Amino acid sequence: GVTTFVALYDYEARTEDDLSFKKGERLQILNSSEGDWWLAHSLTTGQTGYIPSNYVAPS
């Protein structure tokens, strides 16, 4: 199947490339190779961007 994560907290983007999301959104991780900001896609909203990885939990 598909691995997803759940947002634990709200985040409002602090850069142009960051993804804004609310607590409880379902996220898929596209790339995690650049440190503690991961490139993610929201399955909930369809938006894409960097997220702080400490804001998510495993499904």
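Annotations
- Alpha carbon convex hull of the chain, volume per residue in cubic angstrom: 76 Å³
- Difference of contour (0.36 nm per residue) and Cα-Cα distance, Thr48 to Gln28: 6.3 nm
- Taking amide H positions as modeled 1.01 Å from N, with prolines and chain starts lacking one, the residues under 5 Å from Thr4 and 5 or more places away or on another chain are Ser59.
- Once the Cα-Cα distance is subtracted from the 0.36 nm per residue extended length, the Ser20 to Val6 segment shows a gain of 3.7 nm.
- The distance from the alpha carbon centre of the stretch 43-57 to that of the stretch 1-40 is 2 Å, rounded to a whole number.
- For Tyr50, residues with placed amide H under 5 Å, excluding near neighbours: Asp18, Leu19, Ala40
- Per DSSP, loop trypsin sites (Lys or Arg not before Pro) in the chain with at most 11 further Cβ within 10 Å: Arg14, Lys23
Because the Cβ atoms are built from the backbone with ideal geometry, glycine has one as well, and the counts that use them run over all protein chains shown. Any read-out appearing in this document is the output of simple, stated calculations on the displayed coordinates, not a laboratory observation.
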